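Undergrad: Dropping a structure here in structure tokens format, bear with me for questions.
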Amino acid sequence: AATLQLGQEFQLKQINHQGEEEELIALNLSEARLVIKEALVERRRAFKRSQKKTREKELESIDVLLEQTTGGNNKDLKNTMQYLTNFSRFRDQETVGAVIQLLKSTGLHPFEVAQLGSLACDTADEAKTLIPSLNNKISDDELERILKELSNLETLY
Amino acid sequence: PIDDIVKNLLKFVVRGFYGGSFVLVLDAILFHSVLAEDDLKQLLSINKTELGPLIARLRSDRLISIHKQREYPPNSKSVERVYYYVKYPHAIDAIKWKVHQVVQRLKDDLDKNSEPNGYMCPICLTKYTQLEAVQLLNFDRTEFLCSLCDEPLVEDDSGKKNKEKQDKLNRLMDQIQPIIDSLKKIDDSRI
Amino acid sequence: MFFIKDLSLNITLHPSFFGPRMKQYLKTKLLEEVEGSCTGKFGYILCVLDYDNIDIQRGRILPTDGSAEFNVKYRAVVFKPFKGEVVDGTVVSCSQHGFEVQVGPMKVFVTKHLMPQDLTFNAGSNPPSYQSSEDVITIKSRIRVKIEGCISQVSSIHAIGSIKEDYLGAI
Ligand SMILES: [Zn+2]
């Protein structure tokens, strides 16, 4: 369950389609929307290429634009985008990139590093109540350190 | 002294949870330390079949021990007596833990009647898990319909039997009340 | 929970589409049936990355049906629930014994026994909401939902959420 017990399809050794071992890659609400729209950029980029021969509104107004770009029946993807904007709290990808560099410094398993980014809390104890994974892997003080650093980055856009 | 309380200790188990005659077999153990089975058969005028299992209840519950009284009579015949020995400290072992687990068991039915677990479609004769439930509740619905009856369910393991078990628990403590400290009275010496 | 994933798909291409431009229809169907789909094994398949560099290697013609069989490997992002996990959400409709919290693409239900006792159900309210000692939790309310159970059925994942614990109910 939520205690680092994930299936074969979600092991650390996520073999890329080139056939070699690689680390499991998870995504929190700190990268999901900022990668989905970016990929949609490529999608519309080819969509017009081969055709030749706050954050809230930037979410949905462009969601409909890429609904034009996509097949449009994936409105549940739009639900996910909405869920992101309502609860994904990063921007200016270098922001979250510094965050992730710090979390790489944390020596935390990528599941846990995603747990941190996804959750927006105040104390180490709140995390331990929500993330039994993140209770002792680092000093709880360091937990609050990085929680506070997030709160510094916790700015609504 | 303490061993006398052990002598009386098994009487608690024997005269409460068994019939009247069960102490009549136990009494004979206290009556004669080396209690010959052939004699104990005559003492209560019970036949071989009737006396047999009575010792087993005392044997199995570590209360008695049928010691193989092999000996050589004058006639040189195969002489055997089931000498019902009194293993006082080991019978304490049997009474001690038997009081231990029963208190847990009557507690178990209480918690089960406070946490509904499953469901039931009494129309389609189908019980459901909550995961089963979350499959046929419609977003236009408030209770999970069925697939054979397409009808709502009923919660399973509700709290109408909860009060039944507390009396059993209370009756357990009030009836085991003479037994609990009678063991600990002996356990002061640990003999 | 969101993951970047590399998935392999086998797509059957009916013979009529055997133009010089087969890969057109190929990528087409890939998107048409992979983005935004539910799997019991990977969770809702949200979006596909690298629309161009997709391994499309070689067809096989099924011995009958003459339809080519293609084994597409591609890299995408999926959303997967897990038991015991903590999420946000918002209700959609009401139930007599709990409420169904739309956690993004998927809707997570919280049952009557899954809620704290003080959170009682008001049927009279419109919409019938769930009222705690401190919180009246309604359709648009933001609920901190914890994922208790998950259904791994192919094409349909169902999640059991509960607010009986702390830090739950309203976010
Ligand atoms: Zn039925």
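Residues in the structure tokens are numbered from 1 in each chain, the chains being A, B, ... in the order shown, and ligands are numbered from 1 in the order shown.
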Restrict the distance test to only C-alpha atoms, flag each residue of chain C within 9 Å of chain B, and return the flagged residues as a ChimeraX atom specification.

TA: /C:92-100,109,111,113,149-151,158-160

Undergrad: Given the selection you just returned, output its residues as a file containing N, CA and C atoms, formatted as a short mmCIF file (atom, residue, chain, number, x, y, z; two decimals), in the first residue's frame.

TA:
data_model
loop_
_atom_site.label_atom_id
_atom_site.label_comp_id
_atom_site.auth_asym_id
_atom_site.auth_seq_id
_atom_site.Cartn_x
_atom_site.Cartn_y
_atom_site.Cartn_z
N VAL C 92 -18.78 14.76 -6.29
CA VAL C 92 -19.61 14.92 -7.48
C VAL C 92 -21.09 14.85 -7.12
N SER C 93 -21.55 13.71 -6.63
CA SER C 93 -22.92 13.53 -6.18
C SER C 93 -22.89 13.02 -4.75
N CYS C 94 -24.07 12.76 -4.21
CA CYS C 94 -24.18 12.31 -2.83
C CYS C 94 -24.68 10.87 -2.78
N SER C 95 -24.42 10.24 -1.64
CA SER C 95 -24.91 8.90 -1.37
C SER C 95 -25.43 8.89 0.06
N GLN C 96 -26.37 7.98 0.33
CA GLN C 96 -26.95 7.93 1.66
C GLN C 96 -25.94 7.51 2.71
N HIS C 97 -24.85 6.87 2.31
CA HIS C 97 -23.88 6.29 3.22
C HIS C 97 -22.48 6.76 2.89
N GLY C 98 -22.34 8.01 2.47
CA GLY C 98 -21.06 8.56 2.11
C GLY C 98 -21.18 9.42 0.88
N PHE C 99 -20.04 9.83 0.34
CA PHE C 99 -20.03 10.75 -0.78
C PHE C 99 -18.83 10.44 -1.67
N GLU C 100 -19.01 10.65 -2.96
CA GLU C 100 -18.04 10.27 -3.97
C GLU C 100 -17.18 11.47 -4.33
N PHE C 109 -14.88 7.22 -3.69
CA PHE C 109 -16.01 7.23 -2.79
C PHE C 109 -15.56 7.03 -1.35
N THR C 111 -17.32 5.99 2.35
CA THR C 111 -18.54 5.36 2.82
C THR C 111 -18.89 5.80 4.24
N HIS C 113 -19.32 4.07 7.08
CA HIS C 113 -18.40 3.56 8.09
C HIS C 113 -16.99 4.08 7.90
N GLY C 149 -9.00 1.68 -0.29
CA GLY C 149 -9.02 0.53 -1.18
C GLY C 149 -8.93 0.93 -2.64
N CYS C 150 -8.44 0.02 -3.48
CA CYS C 150 -8.36 0.27 -4.91
C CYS C 150 -8.77 -0.98 -5.66
N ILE C 151 -9.59 -0.82 -6.69
CA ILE C 151 -10.01 -1.92 -7.54
C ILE C 151 -9.09 -1.95 -8.75
N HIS C 158 -11.51 1.35 -9.17
CA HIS C 158 -12.36 1.95 -8.15
C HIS C 158 -11.56 2.12 -6.87
N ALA C 159 -11.75 3.26 -6.23
CA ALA C 159 -10.96 3.61 -5.07
C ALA C 159 -11.88 3.85 -3.88
N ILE C 160 -11.43 3.40 -2.72
CA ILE C 160 -12.16 3.59 -1.48
C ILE C 160 -11.41 4.64 -0.69
#

Undergrad: Mind checking which residues fall within 10 Å of residue 114 of chain A, counting only C-alpha atoms, ignoring those fewer than 5 positions away in the same chain, and posting them as a ChimeraX atom specification?

TA: /A:25-31,100,103,108-109,119 /C:1-3

Undergrad: Write out as a list in words the set of residues from segment 13-152 of chain A that DSSP, computed on the backbone, places in strand (DSSP E or B).

TA: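 DSSP-assigned strand (DSSP E or B) residues in segment 13-152 of chain A: residues 13, 23, 26 and 27 of chain A.
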
Undergrad: Output C-alpha atoms for every residue in that selection, as a compact mmCIF listing (two decimals), in the first residue's frame.

TA:
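Here's the written file out_2.txt:
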# COMPACT_ATOMS: atom_id res chain seq x y z
CA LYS A 13 14.16 -0.78 -12.41
CA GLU A 23 15.28 4.29 -11.88
CA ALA A 26 7.05 9.05 -10.37
CA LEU A 27 5.32 12.40 -10.73

Undergrad: Pull the alpha helix (DSSP H) assignments for segment 23-152 of chain A out of DSSP run on the backbone, and list those residues as an MDAnalysis selection string.

TA: chainID A and resid 32:52 55:69 75:87 94:105 110:118 124:130 140:152

Undergrad: List all protein, DNA and RNA residues that have at least one atom no more than 8 Å from any atom of ligand 1, counting only C-alpha atoms and all ligand atoms, and write them as a ChimeraX atom specification.

TA: /B:121-126,146-152

Undergrad: Which residues, written as a list in words, have at least one atom at most 9 Å from residue 54 of chain A, with only C-alpha atoms counted and residues fewer than 5 positions away on the same chain left out?

TA: residues 59, 156 and 157 of chain A

Undergrad: Give me the residues within 10 Å of residue 28 of chain B as a PyMOL selection string, counting only C-alpha atoms and dropping any in the same chain fewer than 6 places off.

TA: chain B and resi 34-37+39-40+43-44+84

Undergrad: How would the residues just picked look written out with N, CA and C atoms as a PDB file, in the first residue's frame?

TA:
ATOM      1  N   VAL B  34      -2.015 -42.808  45.436  1.00  0.00           N
ATOM      2  CA  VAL B  34      -1.903 -43.777  44.349  1.00  0.00           C
ATOM      3  C   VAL B  34      -3.296 -44.383  44.199  1.00  0.00           C
ATOM      4  N   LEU B  35      -4.063 -43.825  43.266  1.00  0.00           N
ATOM      5  CA  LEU B  35      -5.466 -44.180  43.076  1.00  0.00           C
ATOM      6  C   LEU B  35      -5.576 -45.231  41.977  1.00  0.00           C
ATOM      7  N   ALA B  36      -5.821 -46.478  42.367  1.00  0.00           N
ATOM      8  CA  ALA B  36      -5.952 -47.555  41.397  1.00  0.00           C
ATOM      9  C   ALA B  36      -7.260 -47.412  40.630  1.00  0.00           C
ATOM     10  N   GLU B  37      -7.178 -47.519  39.301  1.00  0.00           N
ATOM     11  CA  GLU B  37      -8.369 -47.376  38.471  1.00  0.00           C
ATOM     12  C   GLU B  37      -9.381 -48.474  38.768  1.00  0.00           C
ATOM     13  N   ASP B  39      -9.896 -49.867  41.635  1.00  0.00           N
ATOM     14  CA  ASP B  39     -10.581 -49.477  42.866  1.00  0.00           C
ATOM     15  C   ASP B  39     -11.567 -48.343  42.616  1.00  0.00           C
ATOM     16  N   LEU B  40     -11.124 -47.287  41.929  1.00  0.00           N
ATOM     17  CA  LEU B  40     -11.997 -46.148  41.662  1.00  0.00           C
ATOM     18  C   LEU B  40     -13.229 -46.571  40.876  1.00  0.00           C
ATOM     19  N   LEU B  43     -15.469 -47.708  43.721  1.00  0.00           N
ATOM     20  CA  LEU B  43     -15.812 -46.703  44.724  1.00  0.00           C
ATOM     21  C   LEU B  43     -17.111 -45.988  44.374  1.00  0.00           C
ATOM     22  N   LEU B  44     -17.291 -45.643  43.104  1.00  0.00           N
ATOM     23  CA  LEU B  44     -18.501 -44.981  42.646  1.00  0.00           C
ATOM     24  C   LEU B  44     -19.477 -45.927  41.957  1.00  0.00           C
ATOM     25  N   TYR B  84      -4.278 -42.811  38.944  1.00  0.00           N
ATOM     26  CA  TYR B  84      -4.567 -41.418  38.614  1.00  0.00           C
ATOM     27  C   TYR B  84      -3.743 -40.540  39.543  1.00  0.00           C
TER      28      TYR B  84
END

Undergrad: Please report the interatomic distance between atom CA of residue 74 of chain C and atom CA of residue 60 of chain C in Å with one decimal.

TA: 18.4 Å

Undergrad: List every residue of chain A that has an atom at most 10 Å from any atom of chain C, and for each one report the closest atom pair and its distance in Å to one decimal, counting only C-alpha atoms, with rows sorted by chain and then by increasing residue number, as CSV.

TA:
residue,atom,partner,partner_atom,distance
A:1,CA,C:83,CA,4.6
A:2,CA,C:84,CA,4.7
A:3,CA,C:84,CA,7.8
A:4,CA,C:82,CA,10.0
A:5,CA,C:82,CA,9.1
A:6,CA,C:82,CA,8.3
A:7,CA,C:41,CA,9.2
A:8,CA,C:41,CA,9.8
A:9,CA,C:42,CA,7.5
A:10,CA,C:42,CA,8.8
A:14,CA,C:5,CA,8.1
A:15,CA,C:6,CA,8.1
A:16,CA,C:6,CA,6.3
A:17,CA,C:6,CA,6.5
A:18,CA,C:55,CA,9.4
A:24,CA,C:3,CA,8.6
A:25,CA,C:4,CA,5.9
A:26,CA,C:3,CA,4.1
A:27,CA,C:2,CA,4.7
A:28,CA,C:2,CA,6.1
A:29,CA,C:2,CA,8.2
A:31,CA,C:2,CA,9.4
A:32,CA,C:2,CA,7.2
A:35,CA,C:49,CA,9.0
A:36,CA,C:47,CA,6.8
A:37,CA,C:47,CA,9.7
A:38,CA,C:49,CA,9.3
A:39,CA,C:49,CA,5.9
A:40,CA,C:47,CA,8.5
A:42,CA,C:51,CA,7.5
A:43,CA,C:51,CA,6.7
A:46,CA,C:51,CA,8.2
A:70,CA,C:31,CA,8.3
A:71,CA,C:32,CA,6.7
A:72,CA,C:32,CA,9.6
A:73,CA,C:36,CA,8.3
A:74,CA,C:36,CA,5.3
A:75,CA,C:36,CA,8.1
A:76,CA,C:105,CA,4.8
A:77,CA,C:36,CA,6.0
A:78,CA,C:105,CA,7.6
A:79,CA,C:105,CA,5.0
A:80,CA,C:104,CA,4.5
A:81,CA,C:104,CA,7.6
A:82,CA,C:104,CA,6.9
A:83,CA,C:104,CA,4.7
A:84,CA,C:104,CA,7.8
A:86,CA,C:88,CA,9.0
A:87,CA,C:88,CA,7.3
A:111,CA,C:1,CA,9.7
A:114,CA,C:2,CA,9.0
A:115,CA,C:86,CA,9.2
A:118,CA,C:87,CA,8.6
A:119,CA,C:87,CA,8.1
A:126,CA,C:167,CA,7.8
A:129,CA,C:166,CA,7.8
A:130,CA,C:86,CA,6.1
A:131,CA,C:85,CA,7.7
A:132,CA,C:84,CA,9.2

Undergrad: Can you tell me which residues surround segment 94-100 of chain B at a distance of at most 8 Å, considering only C-alpha atoms, apart from same-chain residues fewer than 4 positions away, and format the answer as a PyMOL selection string?

TA: chain B and resi 13+61-63+90+104+176+180+183

Undergrad: Using only C-alpha atoms, which of the listed residues (C:141, C:58, C:80, C:164) sits closest to residue 120 of chain C?

TA: C:164

Undergrad: What is the atom CA of residue 123 of chain A to atom CA of residue 97 of chain A distance in Å?

TA: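 These two atoms are separated by 22.3 Å.
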